[PDB]
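Taking it in order: structure first as structure tokens, then the write-up.
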Amino acid sequence: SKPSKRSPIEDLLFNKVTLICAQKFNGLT
Amino acid sequence: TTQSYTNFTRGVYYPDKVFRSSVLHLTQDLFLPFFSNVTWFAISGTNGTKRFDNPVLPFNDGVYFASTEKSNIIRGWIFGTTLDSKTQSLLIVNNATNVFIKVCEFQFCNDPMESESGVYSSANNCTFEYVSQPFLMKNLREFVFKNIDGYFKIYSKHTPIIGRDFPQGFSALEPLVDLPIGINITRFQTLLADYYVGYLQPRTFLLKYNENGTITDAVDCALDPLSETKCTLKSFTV
Amino acid sequence: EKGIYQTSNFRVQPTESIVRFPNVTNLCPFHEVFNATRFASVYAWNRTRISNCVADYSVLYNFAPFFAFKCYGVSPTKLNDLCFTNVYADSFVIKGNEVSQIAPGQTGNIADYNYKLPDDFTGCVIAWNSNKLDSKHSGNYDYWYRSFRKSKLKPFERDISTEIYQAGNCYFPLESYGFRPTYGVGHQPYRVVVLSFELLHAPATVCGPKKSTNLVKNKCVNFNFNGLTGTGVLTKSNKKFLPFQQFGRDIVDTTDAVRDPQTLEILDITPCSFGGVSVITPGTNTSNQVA
Amino acid sequence: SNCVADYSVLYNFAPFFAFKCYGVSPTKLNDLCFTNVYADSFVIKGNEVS
Amino acid sequence: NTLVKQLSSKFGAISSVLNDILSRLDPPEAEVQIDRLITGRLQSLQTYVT
Ligand SMILES: *[C@@H]1O[C@H](CO)[C@@H](O[C@@H]2O[C@H](CO)[C@@H](O)[C@H](O)[C@H]2NC(C)=O)[C@H](O)[C@H]1NC(C)=O
Ligand SMILES: *[C@@H]1O[C@H](CO)[C@@H](O)[C@H](O)[C@H]1NC(C)=O
Ligand SMILES: *[C@@H]1O[C@H](CO)[C@@H](O)[C@H](O)[C@H]1NC(C)=O
Ligand SMILES: *[C@@H]1O[C@H](CO)[C@@H](O)[C@H](O)[C@H]1NC(C)=O
Ligand SMILES: *[C@@H]1O[C@H](CO)[C@@H](O)[C@H](O)[C@H]1NC(C)=O
């Protein structure tokens, strides 16, 4: 029923851990 | 006259023109240390307002000022080396329409019940004159006077309060003017017709910037092991 | 071989340069400081401040040929392209034989007792022989020396007061003198002006002459804002700068915003696009087509 | 050798054409102790002092 | 964050910004200041990669 088709536990794992490199964009990609 | 000394948490000013947002910036400059000995002067300090004798306090590499008053008796400031015409002195007078600043080799002339008189009877070997909006226009009217590399940097912050002599919260002083006087300014005295004087020391502070270009908090890195840890980690939460 | 190789990086180049300098048209009085018939004494040198003006340095070459014209923290040729925070002219007259003492790192009685320069010095030392102005048959009064000092001076300090030093015999505080047209060149006076230039990343009005151009937004451009030089894309800012601040920096102290010297608007700086370039090759022995 | 190396007398003696030290600063000479100090005295022309 | 922060260091140079060094100085002095910055930045990259 949810996008990414992950399990409830996987969603919890993804939400607990925190594309365009706006930061540090000085030749480092 | 002289009274309690060791309790001020205020005296932080924007050290430079660079705008910062949502960053904790660790910097070293001359600041009033937290909980430093700030002298409280008790109108006119030693003398009663009628009486002549004034403090003539020293200028120890920069001074923090405050004056929580409604009467504006202490509108003026005198800064100098000898204050006796042998060296130049800087005279700042707010006349309630503008602030008039000039520096000259002028002697002390016994400058100031409820009777005003003129001041500054002679202008010998003057260097420059400056005019700008009033420095002082209840109101804390806190100031920082720093003297380094020729420039005499004056910072200020205005805010009313009735129920306390000082707000308990954090405030930061913005630069008001930076004048190239070029003189030693070994000491200073104030002109009269609530008075606090503190002194700056070289210190490292962690300054908290808001989403906007304003400082909302600060940590004095040498005050306490907890403050030192906060400065080490670049965080207000340990 | 078949695979992906990173071979080079790409950048988007600027198409034009933007020069945005202050509105001030007042010319800096360098001519009046250099071009004079009376000069301050060495022990009491004249520090005159230059501010709120256009620092056009070509007039110094029109004024005279020089004995010495040496800058330490800046190149003379390019002086017209910089903006300075604090510019001071220290004017005095010294002998040719001691001109080399007015420099950072030097030791001598004139450097130590009257005019000491800092060792971390940025600025210019300008010397020009004044014999045609100062020479007198009866003897001039331009030389004023403090032969003996009780304690040596720190950088840019001055001490006017005169006292007699006692060995325990009497050393008089002032050695003053003139010279004749017949003295050798090494003994003739030279007018010396020290231009002390404090440069702090474009904070101030005094700039050399430049022809300002229009401000162009949303393009990769070169820019020079009161001497702050860089390449990037300028956009309208929504940052709430105080009247006090002129520049903004990000979390790593990289400049990301400026105030326009003529409009006082806040502009954001986005770097021009760049990145790696990778080449997808099927393999030379299969095809010469690549992506 | 076997003496107090007081260097202030050189400033009482004369002003100098040149007074330059290479491995030590002149001002601080009075704060050092030396293993071997030798004075090599000769007279040369100004044009070759350098 | 450390690798980026190292770009602001001077490493003995008059300035951390190459554009300012080239803007004020002639090639010779600029080359000296740039070599100081190259050495510092190269050391920062070598440490990061290690
Ligand atoms: C920064 O300054 C602005 C302007 O004074 C403050 O005001 C709010 O700004 C936000 C910006 O998204 C607006 O959405 C609000 O409507 C503004 N409220 C007002 C003007 O009453 C803003 O609060 C300041 N930042 C902080 C953290 O206080
Ligand atoms: C310092 O703190 C005390 C309370 O602990 C307070 O009474 C005092 O007013 C503070 N200092 C000053 C100068 O107000
Ligand atoms: C500069 O000096 C010359 C003489 O060398 C004089 O003719 C000229 O008027 C002077 N200019 C000023 C502005 O004093
Ligand atoms: C010294 O500088 C001041 C700056 O206002 C100038 O007016 C004065 O004429 C100068 N004097 C000399 C001798 O250069
Ligand atoms: C510069 O001059 C122009 C003249 O049209 C004026 O509009 C602008 O506001 C001026 N800017 C400053 C900063 O004085």
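Scheme for the structure tokens: letters A, B, ... for chains in order shown; per-chain residue numbers from 1; ligand numbers from 1 in order shown.
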
- Message: Env of residue 17 of chain C: 6 Å cut, atoms = only C-alpha atoms, seq-sep filter 4 positions within chain, self excluded. Answer as a list in words.
- Response: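 Contacts, with the query itself left out: residues 221, 222 and 223 of chain C.
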
Could you turn the residues from that selection into a file that holds N, CA, C and O atoms, as a PDB file, in the first residue's frame?
ATOM      1  N   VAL C 221      28.534  34.472 -14.442  1.00  0.00           N
ATOM      2  CA  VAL C 221      29.297  35.678 -14.723  1.00  0.00           C
ATOM      3  C   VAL C 221      30.487  35.785 -13.784  1.00  0.00           C
ATOM      4  O   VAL C 221      30.537  35.161 -12.720  1.00  0.00           O
ATOM      5  N   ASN C 222      31.439  36.616 -14.188  1.00  0.00           N
ATOM      6  CA  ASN C 222      32.512  37.034 -13.307  1.00  0.00           C
ATOM      7  C   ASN C 222      32.001  38.296 -12.630  1.00  0.00           C
ATOM      8  O   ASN C 222      31.180  39.023 -13.197  1.00  0.00           O
ATOM      9  N   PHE C 223      32.471  38.552 -11.416  1.00  0.00           N
ATOM     10  CA  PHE C 223      32.061  39.761 -10.721  1.00  0.00           C
ATOM     11  C   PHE C 223      33.198  40.308  -9.878  1.00  0.00           C
ATOM     12  O   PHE C 223      34.089  39.575  -9.437  1.00  0.00           O
TER      13      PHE C 223
END

Would you mind listing the residues within 9 Å of ligand 1, counting only C-alpha atoms and all ligand atoms, as a PDB file with C-alpha atoms, in the first residue's frame?
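Written output follows (result20.pdb):
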ATOM      1  CA  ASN B 210      19.441  32.840  14.109  1.00  0.00           C
ATOM      2  CA  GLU B 211      17.778  32.189  10.760  1.00  0.00           C
ATOM      3  CA  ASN B 212      18.168  35.948  10.310  1.00  0.00           C
ATOM      4  CA  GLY B 213      21.427  37.831  10.757  1.00  0.00           C
ATOM      5  CA  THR B 214      21.159  38.108  14.546  1.00  0.00           C
TER       6      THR B 214
ATOM      7  CA  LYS C 239      18.022  37.007   3.326  1.00  0.00           C
ATOM      8  CA  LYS C 240      17.283  39.657   5.963  1.00  0.00           C
TER       9      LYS C 240
END

- Counting only C-alpha atoms and all ligand atoms, which protein, DNA or RNA residues come within 6 Å of ligand 3, given as number ranges by chain? C: 32, 35-36

- Excluding same-chain residues fewer than 6 positions from residue 178 of chain B, what lies within 8 Å of it counting only C-alpha atoms, as JSON, numbers by chain? {"B": [151, 152, 153, 154]}

- Message: Please list as JSON, numbers by chain every residue within 12 Å of residue 51 of chain C, counting only C-alpha atoms and excluding residues in the same chain fewer than 6 positions away.
- Response: {"B": [180], "C": [24, 25, 26, 27, 28, 29, 30, 83, 84, 85, 86, 87, 88, 89, 197, 204, 205, 206, 207, 208]}

- Tell me, as a ChimeraX atom specification, which residues lie within 9 Å of residue 46 of chain D, counting only C-alpha atoms; anything in the same chain fewer than 3 positions away does not count. /D:17,49-50

Could you tell me, counting only C-alpha atoms and all ligand atoms, which protein and nucleic acid residues lie no more than 7 Å from ligand 2, written as a PDB file with N, CA and C atoms, in the first residue's frame?
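So the final result, stored in pocket-v4.pdb, reads:
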ATOM      1  N   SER B   4      28.213  46.281  43.900  1.00  0.00           N
ATOM      2  CA  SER B   4      28.441  44.879  43.548  1.00  0.00           C
ATOM      3  C   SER B   4      29.176  44.757  42.216  1.00  0.00           C
ATOM      4  N   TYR B   5      30.032  43.727  42.102  1.00  0.00           N
ATOM      5  CA  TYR B   5      30.869  43.580  40.913  1.00  0.00           C
ATOM      6  C   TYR B   5      30.610  42.342  40.058  1.00  0.00           C
ATOM      7  N   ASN B   7      28.714  40.034  38.494  1.00  0.00           N
ATOM      8  CA  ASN B   7      27.597  39.329  37.849  1.00  0.00           C
ATOM      9  C   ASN B   7      26.986  39.961  36.587  1.00  0.00           C
ATOM     10  N   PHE B   8      27.667  39.879  35.433  1.00  0.00           N
ATOM     11  CA  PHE B   8      27.100  40.293  34.146  1.00  0.00           C
ATOM     12  C   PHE B   8      27.272  39.157  33.147  1.00  0.00           C
ATOM     13  N   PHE B 166      18.030  45.481  34.247  1.00  0.00           N
ATOM     14  CA  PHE B 166      18.504  44.844  33.025  1.00  0.00           C
ATOM     15  C   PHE B 166      17.537  43.742  32.603  1.00  0.00           C
TER      16      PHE B 166
END

- Given 12 Å and only C-alpha atoms and all ligand atoms, residues near ligand 5 as a count of residues only: 16

- Message: Residues contacting ligand 4 - anything with an atom at most 10 Å away, using only C-alpha atoms and all ligand atoms - can you give me those as a list in words?
- Response: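 Every residue with an atom at most 10 Å from ligand 4 is listed here: residues 127 and 128 of chain B; 32, 33, 34, 35, 36, 37, 38, 39, 40, 41, 44, 45, 46, 47, 48, 49, 50, 89, 90, 91 and 92 of chain C.
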
- Test item: residues at most 9 Å from residue 6 of chain E, only C-alpha atoms, excluding those fewer than 5 positions along its chain, as a ChimeraX atom specification: /E:1,40-41,44

- When you get a sec, could you note down which chain A residues fall within 10 Å of chain E, using only C-alpha atoms, as number ranges by chain? A: 23-28

- Item | Residues flagged alpha helix (DSSP H) by DSSP in segment 31-194 of chain C, as a list in words | residues 31, 32, 33, 34, 59, 60, 61, 62, 63, 109, 110, 111, 112, 113, 131, 132, 133 and 134 of chain C

- Message: What's around residue 22 of chain A at 10 Å? Count only C-alpha atoms, leave out sequence neighbours fewer than 4 positions away in its own chain, and write the answer as number ranges by chain.
- Response: A: 26, 29; C: 270-271

- Message: Based on only C-alpha atoms, which of the residues in chain B come within 12 Å of chain C? I want them as a ChimeraX atom specification.
- Response: /B:14-26,86-87,127-128,149-151,155,173-184,209-215

- Message: Select, as a PyMOL selection string, those residues of chain C with any atom no more than 12 Å from chain E (distances computed using only C-alpha atoms).
- Response: chain C and resi 71-84+120-123+197+199-202+222-224+227-231+249-255

- Point-to-point distance in Å for atom CA of residue 221 of chain B and atom CA of residue 27 of chain B: 10.1 Å

- Backbone-only DSSP, strand (DSSP E) members of segment 147-207 of chain B, as a PyMOL selection string: chain B and resi 147-148+151-157+172-179+187-191+195-199+201-207

I need the chosen residues saved as a tab-separated table (two decimals), in the first residue's frame, with N, CA, C and O atoms.
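For reference, selection13.tsv as written:
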chain	number	residue	atom	x	y	z
B	147	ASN	N	39.00	50.17	21.38
B	147	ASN	CA	40.03	51.00	20.75
B	147	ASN	C	41.16	50.11	20.25
B	147	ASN	O	41.92	49.57	21.05
B	148	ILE	N	41.27	49.96	18.93
B	148	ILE	CA	42.27	49.05	18.38
B	148	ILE	C	42.57	49.45	16.94
B	148	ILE	O	41.68	49.88	16.20
B	151	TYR	N	41.23	52.59	14.98
B	151	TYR	CA	39.79	52.80	15.08
B	151	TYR	C	39.27	52.68	16.50
B	151	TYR	O	39.67	51.81	17.28
B	152	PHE	N	38.34	53.59	16.82
B	152	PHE	CA	37.59	53.62	18.06
B	152	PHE	C	36.19	53.16	17.66
B	152	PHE	O	35.44	53.90	17.02
B	153	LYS	N	35.89	51.91	17.98
B	153	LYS	CA	34.68	51.24	17.56
B	153	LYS	C	33.63	51.37	18.66
B	153	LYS	O	33.88	50.96	19.80
B	154	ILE	N	32.48	51.96	18.33
B	154	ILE	CA	31.40	52.17	19.28
B	154	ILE	C	30.22	51.33	18.82
B	154	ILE	O	29.74	51.48	17.68
B	155	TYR	N	29.73	50.48	19.73
B	155	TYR	CA	28.60	49.58	19.52
B	155	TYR	C	27.53	49.98	20.52
B	155	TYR	O	27.85	50.46	21.61
B	156	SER	N	26.26	49.72	20.20
B	156	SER	CA	25.19	50.05	21.14
B	156	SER	C	23.99	49.14	20.96
B	156	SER	O	23.80	48.52	19.91
B	157	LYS	N	23.16	49.08	22.01
B	157	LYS	CA	21.88	48.39	21.98
B	157	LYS	C	20.89	49.12	22.88
B	157	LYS	O	21.21	49.46	24.03
B	172	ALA	N	22.34	41.45	21.96
B	172	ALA	CA	23.60	41.67	21.27
B	172	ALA	C	23.65	43.11	20.79
B	172	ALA	O	22.64	43.68	20.37
B	173	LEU	N	24.85	43.68	20.83
B	173	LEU	CA	25.08	45.06	20.46
B	173	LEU	C	25.57	45.15	19.03
B	173	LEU	O	26.45	44.38	18.62
B	174	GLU	N	25.02	46.08	18.30
B	174	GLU	CA	25.39	46.27	16.91
B	174	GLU	C	26.40	47.40	16.83
B	174	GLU	O	26.37	48.32	17.65
B	175	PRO	N	27.34	47.40	15.88
B	175	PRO	CA	28.21	48.58	15.75
B	175	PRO	C	27.40	49.80	15.34
B	175	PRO	O	26.54	49.73	14.47
B	176	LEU	N	27.71	50.91	16.00
B	176	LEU	CA	27.05	52.17	15.72
B	176	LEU	C	27.93	53.05	14.86
B	176	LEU	O	27.44	53.66	13.90
B	177	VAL	N	29.22	53.13	15.18
B	177	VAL	CA	30.13	53.95	14.41
B	177	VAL	C	31.54	53.44	14.68
B	177	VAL	O	31.79	52.80	15.70
B	178	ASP	N	32.44	53.66	13.73
B	178	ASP	CA	33.85	53.28	13.86
B	178	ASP	C	34.67	54.47	13.40
B	178	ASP	O	34.76	54.72	12.19
B	179	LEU	N	35.31	55.21	14.38
B	179	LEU	CA	35.95	56.47	14.00
B	179	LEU	C	37.47	56.34	14.08
B	179	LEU	O	37.99	55.78	15.05
B	187	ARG	N	42.68	56.33	29.58
B	187	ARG	CA	41.54	56.35	30.50
B	187	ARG	C	40.32	57.06	29.89
B	187	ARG	O	40.32	57.41	28.70
B	188	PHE	N	39.32	57.37	30.73
B	188	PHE	CA	38.10	58.02	30.27
B	188	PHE	C	37.33	58.49	31.50
B	188	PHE	O	37.57	58.03	32.62
B	189	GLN	N	36.39	59.40	31.26
B	189	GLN	CA	35.49	59.94	32.27
B	189	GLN	C	34.18	60.25	31.55
B	189	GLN	O	34.15	60.32	30.32
B	190	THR	N	33.09	60.35	32.30
B	190	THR	CA	31.79	60.67	31.72
B	190	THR	C	31.34	62.08	32.07
B	190	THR	O	31.84	62.69	33.01
B	191	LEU	N	30.39	62.59	31.28
B	191	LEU	CA	29.79	63.91	31.51
B	191	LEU	C	28.37	63.71	32.02
B	191	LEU	O	27.59	62.96	31.43
B	195	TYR	N	24.61	53.83	36.51
B	195	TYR	CA	25.82	53.90	35.70
B	195	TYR	C	26.67	52.65	35.91
B	195	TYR	O	27.11	52.38	37.02
B	196	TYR	N	26.89	51.88	34.84
B	196	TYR	CA	27.67	50.64	34.91
B	196	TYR	C	28.85	50.68	33.96
B	196	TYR	O	28.69	51.01	32.78
B	197	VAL	N	30.00	50.22	34.46
B	197	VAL	CA	31.25	50.11	33.69
B	197	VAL	C	31.87	48.74	33.89
B	197	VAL	O	32.12	48.33	35.03
B	198	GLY	N	32.12	48.03	32.78
B	198	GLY	CA	32.81	46.76	32.81
B	198	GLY	C	33.99	46.86	31.86
B	198	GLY	O	34.09	47.82	31.09
B	199	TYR	N	34.86	45.85	31.88
B	199	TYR	CA	36.04	45.86	31.03
B	199	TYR	C	36.12	44.60	30.17
B	199	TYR	O	35.80	43.50	30.62
B	201	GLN	N	38.12	41.69	27.87
B	201	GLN	CA	39.31	40.87	27.92
B	201	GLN	C	39.34	40.01	26.66
B	201	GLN	O	38.27	39.72	26.10
B	202	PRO	N	40.52	39.58	26.20
B	202	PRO	CA	40.57	38.64	25.07
B	202	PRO	C	39.95	37.30	25.48
B	202	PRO	O	40.41	36.66	26.42
B	203	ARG	N	38.94	36.87	24.73
B	203	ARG	CA	38.24	35.64	25.02
B	203	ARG	C	37.73	35.02	23.74
B	203	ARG	O	37.55	35.70	22.72
B	204	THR	N	37.47	33.71	23.81
B	204	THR	CA	36.86	32.96	22.73
B	204	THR	C	35.43	32.67	23.14
B	204	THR	O	35.18	32.18	24.24
B	205	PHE	N	34.49	32.99	22.25
B	205	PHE	CA	33.07	32.76	22.44
B	205	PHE	C	32.46	31.97	21.30
B	205	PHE	O	32.83	32.15	20.14
B	206	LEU	N	31.52	31.10	21.64
B	206	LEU	CA	30.71	30.39	20.66
B	206	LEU	C	29.40	31.17	20.56
B	206	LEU	O	28.65	31.23	21.53
B	207	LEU	N	29.13	31.74	19.39
B	207	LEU	CA	27.98	32.62	19.16
B	207	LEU	C	26.93	31.91	18.32
B	207	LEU	O	27.25	31.33	17.28

- Computed interatomic separation between atom CA of residue 113 of chain C and atom CA of residue 153 of chain C (Å):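 We find that atom CA of residue 113 of chain C and atom CA of residue 153 of chain C lie 5.9 Å from each other.
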
- So how many Å separate atom CA of residue 218 of chain B and atom CA of residue 30 of chain B, to one decimal?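 Taking atom CA of residue 218 of chain B and atom CA of residue 30 of chain B, their separation equals 13.9 Å.
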